[PDB]
There are 2 protein chains.
Amino acid sequence: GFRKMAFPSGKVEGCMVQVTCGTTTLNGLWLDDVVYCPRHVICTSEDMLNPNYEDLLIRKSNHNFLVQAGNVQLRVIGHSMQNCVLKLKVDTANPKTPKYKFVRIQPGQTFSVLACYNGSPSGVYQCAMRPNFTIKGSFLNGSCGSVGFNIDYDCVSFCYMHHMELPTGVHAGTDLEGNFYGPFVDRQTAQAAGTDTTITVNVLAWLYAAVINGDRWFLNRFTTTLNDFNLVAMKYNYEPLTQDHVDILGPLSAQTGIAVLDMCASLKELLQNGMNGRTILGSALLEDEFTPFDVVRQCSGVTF
Amino acid sequence: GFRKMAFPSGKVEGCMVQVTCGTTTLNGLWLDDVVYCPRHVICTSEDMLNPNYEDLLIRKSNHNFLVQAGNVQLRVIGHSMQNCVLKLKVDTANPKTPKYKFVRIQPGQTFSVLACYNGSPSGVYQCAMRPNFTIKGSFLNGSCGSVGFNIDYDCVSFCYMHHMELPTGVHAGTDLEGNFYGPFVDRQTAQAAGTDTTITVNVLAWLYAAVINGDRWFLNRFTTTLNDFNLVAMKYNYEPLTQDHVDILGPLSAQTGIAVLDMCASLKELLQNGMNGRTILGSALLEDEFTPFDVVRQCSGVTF
């Protein structure tokens with residue numbers, strides 16, 4: 001029993017609204033008296049091929065923005081563009097506004113997605129920002145404006161707003177200041193994502209979770225060095241492990257009595273030899289979308 | 001992109017409370033003016049070995065029940081035992097009570113769990129009632145009273161309350177009327193779960209999801225009959241497929257142009273020959289915790 005757990009989504013559900021600008025409807029995020037949504041709400045299908053957002057936004061007035069929050073309708077009394085997000089000032093501050101921050105997460109970190117369609121939640125799931133700054137999400141047409149978040153104590157840290165599906169079926173989006181993660185632009189054009197790599201520090205976290213849960217078959221006698229492990233990681237397109245990464249795995253090393261460079265030697269053997277048809281935590285592949293904090297949080301029963 | 005999506009958990013988060021009876025604290029569910037919790041809240045560690053619940057409950061008064069809902073404290077003004085659940089009547093009806101039903105689900109059906117500790121949500125995840133009526137949950141000590149649910153439109157259908165971890169590391173619990181799923185009792189004693197089987201109709205649903213998502217490598221020319229497929233299912237400890245199951249897969253057969261008995265022939269080949277180190281929806285094992293409704297719901301973008 002060790003599952004991909006999402007944060008409780010209630011505090012975010014109270015902030016989701018529908019944003020319409022002419023034909024185009026998508027999702028928005030209502031905090032205080034501001035509604036944050038992808039700036040392409042102002043594009044026709046045709047416009048998306050090569051949009052001049054400054055020129056399109058100039059053609060728009062407040063009354064070209066229909067924001068609904070359930071049956072309630074909301075009065076747009078202001079618009080500005082910040083990077084790739086539109087901020088619609090509305091007359092009424094959201095009474096369900098949680099305590100919140102906006103944060104820009106690092107590649108390899110995880111967050112919960114509340115997938116929405118026409119401003120209504122469909123579901124909640126946990127996922128990782130890939131090292132190439134894409135997400136392998138589950139999103140359909142109309143999911144744009146869905147948000148990713150983390151919760152600490154009583155504060156929602158919003159880290160992602162969903163914009164687009166790449167022609168390769170992976171997902172790209174912004175921070176809540178409208179800055180893309182990775183090299184992407186909000187235009188319907190072919191765009192290259194980097195080579196993706198496996199998040200090595202997260203695989204090691206998940207192997208510690210496996211030990212805590214009684215799966216120990218993969219443990220071996222040996223150790224190694226960051227320098228030697230990283231030669232094998234490079235060969236299997238694993239991210240290089242740094243001392244920063246060893247430092248973050250410390251508490252899991254302490255709980256299990258398995259030194260970080262010792263678990264790395266077990267990972268090396270798994271990469272070189274495969275799993276020989278056995279499973280770890282009932283997976284036949286190595287899982288990289290659990291961080292060391294995620295493992296500690298889950299294994300120690302942290303609440304919000 | 002096809003993930004295990006949980007229901008949005010907000011409407012359930014507003015109903016979770018802490019229930020203390022002397023030393024013992026666990027979680028409870030506050031609907032209208034009734035708080036539902038596992039009847040073993042009235043047991044000491046020692047009592048759990050061989051409890052006489054009628055005799056223990058008689059020793060208890062309302063003032064031996066401390067219910068907290070955040071900082072708010074709640075006044076217990078009544079107690080009754082229904083099967084394996086305690087109903088604590090409280091003076092104040094929950095202002096956050098959603099529209100709700102109590103339902104008894106069938107083996108193979110899925111639901112969302114809101115994992116709680118001291119009446120505070122930790123996380124939300126999707127899981128299946130196994131054919132042997134256990135759940136392979138992610139629960140720690142103090143998770144008892146956590147609930148499982150489904151959401152349709154605006155109504156929460158509560159189907160599970162978590163009671164216990166079996167000495168084998170799987171989970172058992174009740175419906176919200178306090179009736180165990182499966183042969184289990186709320187006593188700290190060794191208890192046999194059946195042989196578990198794989199939920200065949202859910203594997204077929206997930207193979208349809210795979211096709212919809214562009215994974216088609218596993219499709220073959222052949223067909224079969226329920227009678228012939230079921231001979232192979234019996235050998236691989238798969239649940240027998242009935243016409244009821246074929247009827248439920250109809251819409252997915254229609255969407256993909258792959259007849260149900262035709263997908264069954266592909267499953268047969270996968271069971272007999274393995275996956276030869278390839279993946280389906282990035283899994284190297286066959287997934288059985290997505291129902292046909294779950295696949296349709298996700299692939300068609302159903303909201304609440």
# chains A, B, ... in the order shown; residues from 1 in each chain; ligands from 1

$ interface_residues --of "chain A" --to "chain B" --cutoff "6 Å" --atoms "only C-alpha atoms" --output "ChimeraX atom specification"
/A:1-3,5-10,120-125,136-138,284,303

$ residues_around --residues "residue A:262" --least-positions-apart "3" --cutoff "12 Å" --atoms "only C-alpha atoms" --output "ChimeraX atom specification"
/A:204,207-208,218-226,229,246,249,253,256-259,265-269

$ write_last_selection --atoms "N, CA, C and O atoms" --output "mmCIF file, in the first residue's frame"
data_model
loop_
_atom_site.group_PDB
_atom_site.id
_atom_site.type_symbol
_atom_site.label_atom_id
_atom_site.label_comp_id
_atom_site.auth_asym_id
_atom_site.auth_seq_id
_atom_site.Cartn_x
_atom_site.Cartn_y
_atom_site.Cartn_z
ATOM 1 N N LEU A 204 15.008 7.171 -6.313
ATOM 2 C CA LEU A 204 15.628 6.779 -5.019
ATOM 3 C C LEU A 204 14.608 6.942 -3.880
ATOM 4 O O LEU A 204 14.514 6.068 -3.024
ATOM 5 N N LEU A 207 12.259 3.956 -4.079
ATOM 6 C CA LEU A 207 12.954 2.753 -3.540
ATOM 7 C C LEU A 207 13.003 2.760 -1.994
ATOM 8 O O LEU A 207 12.804 1.689 -1.406
ATOM 9 N N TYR A 208 13.212 3.901 -1.329
ATOM 10 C CA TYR A 208 13.106 4.052 0.134
ATOM 11 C C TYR A 208 11.663 3.739 0.565
ATOM 12 O O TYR A 208 11.471 2.994 1.527
ATOM 13 N N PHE A 218 15.514 -5.955 -3.816
ATOM 14 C CA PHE A 218 16.410 -5.241 -4.767
ATOM 15 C C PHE A 218 17.637 -4.666 -4.022
ATOM 16 O O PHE A 218 18.546 -4.154 -4.680
ATOM 17 N N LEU A 219 17.709 -4.757 -2.694
ATOM 18 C CA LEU A 219 18.843 -4.154 -1.936
ATOM 19 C C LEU A 219 20.096 -5.001 -2.124
ATOM 20 O O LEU A 219 19.958 -6.215 -2.076
ATOM 21 N N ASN A 220 21.250 -4.348 -2.251
ATOM 22 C CA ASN A 220 22.550 -5.041 -2.438
ATOM 23 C C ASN A 220 23.590 -4.475 -1.471
ATOM 24 O O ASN A 220 23.331 -3.459 -0.863
ATOM 25 N N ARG A 221 24.737 -5.138 -1.383
ATOM 26 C CA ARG A 221 25.870 -4.856 -0.457
ATOM 27 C C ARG A 221 26.627 -3.556 -0.726
ATOM 28 O O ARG A 221 27.237 -3.017 0.223
ATOM 29 N N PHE A 222 26.657 -3.160 -1.992
ATOM 30 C CA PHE A 222 27.568 -2.115 -2.515
ATOM 31 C C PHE A 222 27.177 -0.662 -2.308
ATOM 32 O O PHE A 222 26.046 -0.320 -2.017
ATOM 33 N N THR A 223 28.203 0.146 -2.504
ATOM 34 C CA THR A 223 28.127 1.622 -2.522
ATOM 35 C C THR A 223 28.770 2.120 -3.836
ATOM 36 O O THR A 223 29.151 1.291 -4.642
ATOM 37 N N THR A 224 28.933 3.435 -3.983
ATOM 38 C CA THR A 224 29.406 4.061 -5.238
ATOM 39 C C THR A 224 29.642 5.518 -4.887
ATOM 40 O O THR A 224 29.455 5.854 -3.716
ATOM 41 N N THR A 225 29.936 6.353 -5.866
ATOM 42 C CA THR A 225 30.124 7.802 -5.644
ATOM 43 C C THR A 225 29.201 8.514 -6.613
ATOM 44 O O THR A 225 28.840 7.888 -7.619
ATOM 45 N N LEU A 226 28.846 9.761 -6.326
ATOM 46 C CA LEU A 226 28.047 10.570 -7.270
ATOM 47 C C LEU A 226 28.711 10.509 -8.638
ATOM 48 O O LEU A 226 27.985 10.369 -9.626
ATOM 49 N N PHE A 229 28.199 6.797 -10.127
ATOM 50 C CA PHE A 229 26.760 6.560 -10.382
ATOM 51 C C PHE A 229 26.355 7.351 -11.627
ATOM 52 O O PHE A 229 25.658 6.793 -12.485
ATOM 53 N N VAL A 246 21.384 14.117 -2.416
ATOM 54 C CA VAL A 246 21.755 13.265 -1.260
ATOM 55 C C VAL A 246 21.224 13.904 0.030
ATOM 56 O O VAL A 246 20.782 13.144 0.901
ATOM 57 N N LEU A 249 17.551 13.328 0.588
ATOM 58 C CA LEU A 249 17.219 11.898 0.872
ATOM 59 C C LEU A 249 17.634 11.516 2.299
ATOM 60 O O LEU A 249 17.301 10.421 2.732
ATOM 61 N N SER A 253 17.150 7.908 4.330
ATOM 62 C CA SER A 253 18.348 7.112 4.685
ATOM 63 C C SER A 253 18.331 6.791 6.188
ATOM 64 O O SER A 253 18.572 5.634 6.554
ATOM 65 N N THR A 256 15.544 4.189 7.300
ATOM 66 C CA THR A 256 15.686 2.800 6.807
ATOM 67 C C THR A 256 17.041 2.197 7.192
ATOM 68 O O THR A 256 17.167 0.976 7.037
ATOM 69 N N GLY A 257 18.016 3.010 7.612
ATOM 70 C CA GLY A 257 19.404 2.558 7.863
ATOM 71 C C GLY A 257 20.128 2.185 6.583
ATOM 72 O O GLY A 257 21.064 1.367 6.660
ATOM 73 N N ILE A 258 19.700 2.733 5.436
ATOM 74 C CA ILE A 258 20.359 2.485 4.117
ATOM 75 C C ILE A 258 20.933 3.823 3.663
ATOM 76 O O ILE A 258 20.170 4.733 3.366
ATOM 77 N N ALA A 259 22.262 3.949 3.645
ATOM 78 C CA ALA A 259 22.964 5.168 3.189
ATOM 79 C C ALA A 259 22.570 5.492 1.738
ATOM 80 O O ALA A 259 22.368 4.551 0.934
ATOM 81 N N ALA A 265 23.684 2.290 -5.388
ATOM 82 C CA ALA A 265 24.316 1.062 -5.910
ATOM 83 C C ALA A 265 23.228 0.067 -6.292
ATOM 84 O O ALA A 265 23.393 -0.621 -7.312
ATOM 85 N N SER A 266 22.134 -0.010 -5.524
ATOM 86 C CA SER A 266 20.991 -0.900 -5.828
ATOM 87 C C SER A 266 20.315 -0.397 -7.111
ATOM 88 O O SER A 266 19.935 -1.219 -7.936
ATOM 89 N N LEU A 267 20.127 0.919 -7.243
ATOM 90 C CA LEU A 267 19.528 1.493 -8.465
ATOM 91 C C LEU A 267 20.393 1.125 -9.675
ATOM 92 O O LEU A 267 19.827 0.639 -10.679
ATOM 93 N N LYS A 268 21.708 1.308 -9.576
ATOM 94 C CA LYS A 268 22.661 0.942 -10.660
ATOM 95 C C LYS A 268 22.410 -0.495 -11.126
ATOM 96 O O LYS A 268 22.375 -0.715 -12.357
ATOM 97 N N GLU A 269 22.262 -1.444 -10.193
ATOM 98 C CA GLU A 269 22.079 -2.881 -10.511
ATOM 99 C C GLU A 269 20.739 -3.070 -11.223
ATOM 100 O O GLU A 269 20.703 -3.846 -12.197
#

$ residues_around --residues "residue B:93" --least-positions-apart "4" --cutoff "8 Å" --atoms "only C-alpha atoms" --output "number ranges by chain"
B: 31-34, 97

$ write_last_selection --atoms "N, CA and C atoms" --output "short mmCIF file (atom, residue, chain, number, x, y, z; two decimals), in the first residue's frame"
data_model
loop_
_atom_site.label_atom_id
_atom_site.label_comp_id
_atom_site.auth_asym_id
_atom_site.auth_seq_id
_atom_site.Cartn_x
_atom_site.Cartn_y
_atom_site.Cartn_z
N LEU B 31 -22.72 14.55 8.80
CA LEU B 31 -23.82 14.82 7.84
C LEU B 31 -25.08 15.21 8.63
N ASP B 32 -25.73 16.31 8.26
CA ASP B 32 -26.89 16.80 9.05
C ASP B 32 -26.41 16.86 10.51
N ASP B 33 -27.15 16.32 11.49
CA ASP B 33 -26.74 16.42 12.91
C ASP B 33 -26.21 15.05 13.40
N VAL B 34 -25.75 14.17 12.48
CA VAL B 34 -25.21 12.82 12.85
C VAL B 34 -23.75 12.73 12.42
N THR B 97 -22.91 20.30 4.92
CA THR B 97 -23.50 19.01 4.47
C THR B 97 -23.81 19.09 2.97
#

$ closest_atom_pairs --of "stretch 122-196 of chain B" --to "stretch 81-89 of chain B" --cutoff "7 Å" --atoms "only C-alpha atoms" --output "tab-separated table"
residue	atom	partner	partner_atom	distance
B:177	CA	B:82	CA	6.5
B:178	CA	B:84	CA	4.4
B:179	CA	B:83	CA	5.9

$ residues_around --residues "residue A:52" --least-positions-apart "4" --cutoff "10 Å" --atoms "only C-alpha atoms" --output "number ranges by chain"
A: 43, 47-48, 56-57, 187

$ select_by_dssp --residues "stretch 88-263 of chain B" --states "helix (DSSP H, G or I)" --output "PyMOL selection string"
chain B and resi 200-212+226-235+243-248+250-256+260-263

$ write_last_selection --atoms "C-alpha atoms" --output "tab-separated table (two decimals), in the first residue's frame"
chain	number	residue	atom	x	y	z
B	200	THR	CA	-11.53	-8.75	-16.19
B	201	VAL	CA	-14.17	-6.16	-17.28
B	202	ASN	CA	-11.89	-3.36	-15.91
B	203	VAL	CA	-8.77	-4.72	-17.78
B	204	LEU	CA	-10.90	-4.70	-21.01
B	205	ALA	CA	-12.06	-1.08	-20.22
B	206	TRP	CA	-8.36	-0.06	-19.82
B	207	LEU	CA	-7.37	-1.77	-23.12
B	208	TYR	CA	-10.18	0.33	-24.82
B	209	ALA	CA	-8.68	3.44	-23.09
B	210	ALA	CA	-5.26	2.41	-24.54
B	211	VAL	CA	-6.71	2.22	-28.11
B	212	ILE	CA	-8.47	5.61	-27.71
B	226	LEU	CA	-17.49	-15.92	-23.09
B	227	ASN	CA	-17.30	-19.72	-22.57
B	228	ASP	CA	-13.82	-20.08	-24.22
B	229	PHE	CA	-12.34	-16.84	-22.84
B	230	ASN	CA	-13.51	-17.86	-19.30
B	231	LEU	CA	-11.43	-21.12	-19.52
B	232	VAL	CA	-8.23	-18.98	-19.95
B	233	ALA	CA	-9.48	-16.37	-17.36
B	234	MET	CA	-9.85	-19.22	-14.78
B	235	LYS	CA	-6.21	-20.32	-15.45
B	243	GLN	CA	-22.99	-10.82	-20.86
B	244	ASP	CA	-23.68	-8.07	-18.25
B	245	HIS	CA	-19.94	-7.20	-18.60
B	246	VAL	CA	-20.13	-7.23	-22.46
B	247	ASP	CA	-23.24	-4.95	-22.21
B	248	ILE	CA	-21.31	-2.40	-20.03
B	250	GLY	CA	-20.78	-1.56	-25.45
B	251	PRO	CA	-20.11	2.21	-25.74
B	252	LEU	CA	-16.32	1.63	-25.73
B	253	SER	CA	-16.71	-1.09	-28.41
B	254	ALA	CA	-18.78	1.50	-30.41
B	255	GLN	CA	-16.24	4.38	-29.96
B	256	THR	CA	-13.26	2.21	-31.12
B	260	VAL	CA	-16.06	-6.83	-27.06
B	261	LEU	CA	-15.33	-10.51	-27.94
B	262	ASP	CA	-12.54	-9.19	-30.24
B	263	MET	CA	-10.77	-7.21	-27.43

$ closest_residue --among "A:164, A:159, A:144, A:128" --to "residue A:288" --atoms "only C-alpha atoms"
A:128

$ atom_distance --atom1 "atom CA of residue B:276" --atom2 "atom CA of residue B:216"
14.8 Å

$ select_by_dssp --residues "stretch 16-205 of chain A" --states "strand (DSSP E)" --output "CSV table (one decimal) with N, CA and C atoms, in the first residue's frame"
chain,number,residue,atom,x,y,z
A,16,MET,N,-12.6,27.9,-9.1
A,16,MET,CA,-12.7,27.6,-10.5
A,16,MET,C,-14.0,28.2,-11.1
A,17,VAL,N,-13.8,28.9,-12.2
A,17,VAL,CA,-14.9,29.6,-13.0
A,17,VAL,C,-14.7,29.4,-14.5
A,18,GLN,N,-15.7,29.7,-15.2
A,18,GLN,CA,-15.8,29.6,-16.7
A,18,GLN,C,-15.5,31.0,-17.2
A,19,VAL,N,-14.6,31.1,-18.2
A,19,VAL,CA,-14.3,32.4,-18.9
A,19,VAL,C,-14.6,32.2,-20.4
A,20,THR,N,-15.5,33.0,-20.9
A,20,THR,CA,-15.9,33.0,-22.4
A,20,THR,C,-15.5,34.4,-22.9
A,21,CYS,N,-14.8,34.4,-24.1
A,21,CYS,CA,-14.5,35.6,-24.9
A,21,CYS,C,-15.0,35.3,-26.3
A,24,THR,N,-14.9,31.4,-27.7
A,24,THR,CA,-13.8,30.6,-27.0
A,24,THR,C,-14.2,30.6,-25.5
A,25,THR,N,-14.4,29.4,-24.9
A,25,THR,CA,-14.6,29.2,-23.4
A,25,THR,C,-13.5,28.3,-22.9
A,26,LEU,N,-13.0,28.7,-21.7
A,26,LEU,CA,-12.0,27.8,-21.0
A,26,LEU,C,-12.2,28.1,-19.5
A,27,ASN,N,-11.3,27.6,-18.7
A,27,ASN,CA,-11.3,27.7,-17.2
A,27,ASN,C,-10.5,28.9,-16.7
A,28,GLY,N,-10.9,29.5,-15.6
A,28,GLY,CA,-10.2,30.5,-14.9
A,28,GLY,C,-10.2,30.3,-13.4
A,29,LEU,N,-9.3,31.1,-12.7
A,29,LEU,CA,-9.0,31.0,-11.3
A,29,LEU,C,-9.3,32.3,-10.6
A,30,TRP,N,-10.3,32.3,-9.7
A,30,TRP,CA,-10.9,33.5,-9.1
A,30,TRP,C,-10.3,33.6,-7.6
A,31,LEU,N,-9.4,34.5,-7.5
A,31,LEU,CA,-8.7,34.8,-6.2
A,31,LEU,C,-8.9,36.3,-5.9
A,34,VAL,N,-9.7,39.1,-8.7
A,34,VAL,CA,-9.0,38.9,-10.0
A,34,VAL,C,-9.2,37.4,-10.4
A,35,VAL,N,-9.5,37.3,-11.7
A,35,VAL,CA,-9.7,36.0,-12.4
A,35,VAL,C,-8.5,35.9,-13.4
A,36,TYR,N,-7.7,34.8,-13.2
A,36,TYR,CA,-6.5,34.5,-13.9
A,36,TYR,C,-6.9,33.4,-15.0
A,37,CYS,N,-6.6,33.6,-16.2
A,37,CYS,CA,-6.9,32.6,-17.3
A,37,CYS,C,-5.8,32.7,-18.4
A,38,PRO,N,-5.7,31.7,-19.2
A,38,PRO,CA,-4.8,31.7,-20.4
A,38,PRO,C,-5.2,32.9,-21.3
A,66,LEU,N,-17.4,37.0,-20.6
A,66,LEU,CA,-18.4,36.4,-19.7
A,66,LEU,C,-17.8,35.3,-18.7
A,67,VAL,N,-17.7,35.8,-17.5
A,67,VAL,CA,-17.3,34.9,-16.4
A,67,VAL,C,-18.5,34.4,-15.6
A,68,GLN,N,-18.6,33.1,-15.5
A,68,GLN,CA,-19.6,32.4,-14.6
A,68,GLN,C,-19.0,31.6,-13.5
A,69,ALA,N,-19.5,31.6,-12.3
A,69,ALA,CA,-19.1,30.8,-11.2
A,69,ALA,C,-20.3,30.1,-10.6
A,72,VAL,N,-24.1,31.9,-10.6
A,72,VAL,CA,-23.6,33.3,-10.4
A,72,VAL,C,-22.9,33.7,-11.7
A,73,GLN,N,-23.2,35.0,-12.2
A,73,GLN,CA,-22.4,35.6,-13.2
A,73,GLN,C,-21.6,36.7,-12.5
A,74,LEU,N,-20.4,37.0,-13.1
A,74,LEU,CA,-19.4,37.9,-12.5
A,74,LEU,C,-19.1,39.1,-13.5
A,76,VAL,N,-16.8,41.7,-15.1
A,76,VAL,CA,-15.5,42.1,-15.5
A,76,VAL,C,-15.4,43.6,-15.6
A,77,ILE,N,-14.6,44.3,-14.8
A,77,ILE,CA,-14.5,45.8,-14.7
A,77,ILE,C,-13.0,46.2,-15.1
A,78,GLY,N,-12.2,45.3,-15.6
A,78,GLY,CA,-10.8,45.5,-15.9
A,78,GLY,C,-10.2,44.3,-16.5
A,79,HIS,N,-9.2,44.5,-17.4
A,79,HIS,CA,-8.4,43.5,-18.0
A,79,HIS,C,-6.9,44.0,-18.2
A,80,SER,N,-6.0,43.1,-17.9
A,80,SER,CA,-4.6,43.3,-18.2
A,80,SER,C,-4.0,42.0,-18.7
A,81,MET,N,-2.9,42.1,-19.5
A,81,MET,CA,-2.1,40.9,-19.9
A,81,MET,C,-0.8,40.9,-19.1
A,82,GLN,N,-0.5,39.8,-18.4
A,82,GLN,CA,0.8,39.6,-17.8
A,82,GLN,C,1.4,38.4,-18.4
A,85,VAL,N,-0.7,35.2,-19.4
A,85,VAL,CA,-2.0,35.2,-18.6
A,85,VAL,C,-2.7,36.5,-18.7
A,86,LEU,N,-4.0,36.4,-18.8
A,86,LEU,CA,-5.0,37.5,-18.6
A,86,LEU,C,-5.4,37.6,-17.2
A,87,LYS,N,-5.4,38.8,-16.6
A,87,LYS,CA,-6.0,39.1,-15.3
A,87,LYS,C,-7.3,39.9,-15.6
A,88,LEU,N,-8.4,39.3,-15.3
A,88,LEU,CA,-9.7,40.0,-15.4
A,88,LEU,C,-10.1,40.5,-14.0
A,89,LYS,N,-10.0,41.8,-13.7
A,89,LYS,CA,-10.5,42.4,-12.5
A,89,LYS,C,-12.0,42.3,-12.4
A,90,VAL,N,-12.6,41.7,-11.4
A,90,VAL,CA,-14.1,41.6,-11.2
A,90,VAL,C,-14.6,42.4,-10.0
A,99,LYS,N,-6.2,31.1,1.7
A,99,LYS,CA,-4.8,31.6,1.8
A,99,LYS,C,-4.1,30.9,0.7
A,100,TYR,N,-3.2,31.7,0.0
A,100,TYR,CA,-2.6,31.3,-1.3
A,100,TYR,C,-1.3,32.0,-1.5
A,101,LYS,N,-0.4,31.4,-2.3
A,101,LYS,CA,0.8,32.0,-2.8
A,101,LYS,C,0.9,31.5,-4.3
A,102,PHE,N,1.6,32.3,-5.1
A,102,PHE,CA,2.1,31.9,-6.5
A,102,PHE,C,3.6,31.5,-6.4
A,110,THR,N,6.7,17.8,-7.8
A,110,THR,CA,5.3,17.3,-8.0
A,110,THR,C,4.2,18.3,-7.6
A,111,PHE,N,3.0,18.1,-8.0
A,111,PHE,CA,1.9,18.9,-7.7
A,111,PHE,C,0.6,18.2,-8.1
A,112,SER,N,-0.5,18.7,-7.5
A,112,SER,CA,-1.8,18.2,-7.8
A,112,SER,C,-2.5,19.1,-8.9
A,113,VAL,N,-3.1,18.4,-9.8
A,113,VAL,CA,-3.9,19.1,-10.9
A,113,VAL,C,-5.4,18.8,-10.6
A,114,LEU,N,-6.1,19.9,-10.6
A,114,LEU,CA,-7.6,19.9,-10.7
A,114,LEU,C,-8.1,20.1,-12.1
A,115,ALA,N,-8.3,19.0,-12.8
A,115,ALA,CA,-8.8,19.0,-14.2
A,115,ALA,C,-10.2,19.5,-14.3
A,116,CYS,N,-10.4,20.6,-15.1
A,116,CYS,CA,-11.7,21.3,-15.2
A,116,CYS,C,-12.2,21.4,-16.6
A,117,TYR,N,-13.5,21.5,-16.9
A,117,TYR,CA,-14.1,21.7,-18.2
A,117,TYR,C,-15.3,22.7,-18.0
A,120,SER,N,-15.9,23.7,-14.3
A,120,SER,CA,-16.4,22.6,-13.4
A,120,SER,C,-15.3,21.6,-13.2
A,121,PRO,N,-14.9,21.3,-12.0
A,121,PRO,CA,-14.0,20.1,-11.8
A,121,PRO,C,-14.5,18.8,-12.3
A,122,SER,N,-13.6,18.0,-12.9
A,122,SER,CA,-13.8,16.7,-13.4
A,122,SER,C,-13.1,15.7,-12.4
A,123,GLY,N,-11.8,16.0,-12.1
A,123,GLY,CA,-11.0,15.2,-11.2
A,123,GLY,C,-9.7,15.7,-10.7
A,124,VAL,N,-9.0,15.0,-9.8
A,124,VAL,CA,-7.8,15.5,-9.2
A,124,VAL,C,-6.8,14.4,-9.3
A,125,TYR,N,-5.5,14.7,-9.6
A,125,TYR,CA,-4.4,13.7,-9.7
A,125,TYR,C,-3.1,14.5,-9.5
A,126,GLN,N,-2.1,13.7,-9.1
A,126,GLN,CA,-0.8,14.1,-8.8
A,126,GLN,C,0.1,13.8,-10.0
A,127,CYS,N,1.0,14.7,-10.3
A,127,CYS,CA,2.0,14.5,-11.4
A,127,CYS,C,3.2,15.4,-11.2
A,128,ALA,N,4.2,15.1,-12.0
A,128,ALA,CA,5.6,15.8,-11.9
A,128,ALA,C,5.8,16.7,-13.0
A,147,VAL,N,-5.5,24.3,-13.0
A,147,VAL,CA,-4.3,24.7,-12.3
A,147,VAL,C,-3.7,23.5,-11.5
A,148,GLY,N,-2.4,23.6,-11.3
A,148,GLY,CA,-1.7,22.7,-10.4
A,148,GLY,C,-1.3,23.5,-9.2
A,149,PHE,N,-1.2,22.7,-8.1
A,149,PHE,CA,-1.0,23.3,-6.7
A,149,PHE,C,-0.4,22.3,-5.8
A,150,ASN,N,0.2,22.9,-4.7
A,150,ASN,CA,0.7,22.1,-3.5
A,150,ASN,C,0.0,22.8,-2.3
A,151,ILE,N,-0.2,22.0,-1.2
A,151,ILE,CA,-0.8,22.6,0.0
A,151,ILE,C,0.2,22.4,1.2
A,152,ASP,N,0.4,23.4,1.9
A,152,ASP,CA,1.3,23.3,3.2
A,152,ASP,C,0.4,23.9,4.3
A,155,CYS,N,-2.3,26.8,3.4
A,155,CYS,CA,-2.0,27.7,2.3
A,155,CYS,C,-1.8,27.0,1.0
A,156,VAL,N,-2.5,27.4,-0.1
A,156,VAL,CA,-2.4,26.8,-1.4
A,156,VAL,C,-1.3,27.5,-2.2
A,157,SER,N,-0.3,26.8,-2.6
A,157,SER,CA,0.8,27.3,-3.4
A,157,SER,C,0.5,26.9,-4.9
A,158,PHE,N,-0.1,27.9,-5.7
A,158,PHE,CA,-0.4,27.6,-7.1
A,158,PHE,C,0.9,27.7,-7.9
A,159,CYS,N,1.2,26.6,-8.7
A,159,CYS,CA,2.5,26.5,-9.4
A,159,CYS,C,2.3,26.4,-10.9
A,160,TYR,N,1.1,26.0,-11.4
A,160,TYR,CA,0.9,25.7,-12.8
A,160,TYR,C,-0.5,26.1,-13.3
A,161,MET,N,-0.5,26.7,-14.5
A,161,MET,CA,-1.8,26.9,-15.2
A,161,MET,C,-1.6,26.2,-16.6
A,162,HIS,N,-2.6,25.3,-16.9
A,162,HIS,CA,-2.5,24.5,-18.2
A,162,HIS,C,-2.9,25.3,-19.4
A,163,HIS,N,-2.0,25.3,-20.4
A,163,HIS,CA,-2.3,26.1,-21.7
A,163,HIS,C,-2.5,25.1,-22.9
A,164,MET,N,-1.6,24.1,-23.1
A,164,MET,CA,-1.6,23.5,-24.4
A,164,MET,C,-1.2,22.0,-24.4
A,165,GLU,N,-1.6,21.3,-25.4
A,165,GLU,CA,-1.1,20.0,-25.7
A,165,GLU,C,-0.2,20.1,-26.9
A,171,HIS,N,2.0,18.0,-22.3
A,171,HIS,CA,1.3,19.2,-21.9
A,171,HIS,C,2.3,20.2,-21.5
A,172,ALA,N,2.0,21.5,-21.7
A,172,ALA,CA,2.8,22.7,-21.4
A,172,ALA,C,1.9,23.8,-20.8
A,173,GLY,N,2.5,24.6,-20.0
A,173,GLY,CA,1.7,25.6,-19.3
A,173,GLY,C,2.7,26.6,-18.6
A,174,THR,N,2.1,27.4,-17.8
A,174,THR,CA,2.8,28.6,-17.2
A,174,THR,C,2.7,28.4,-15.6
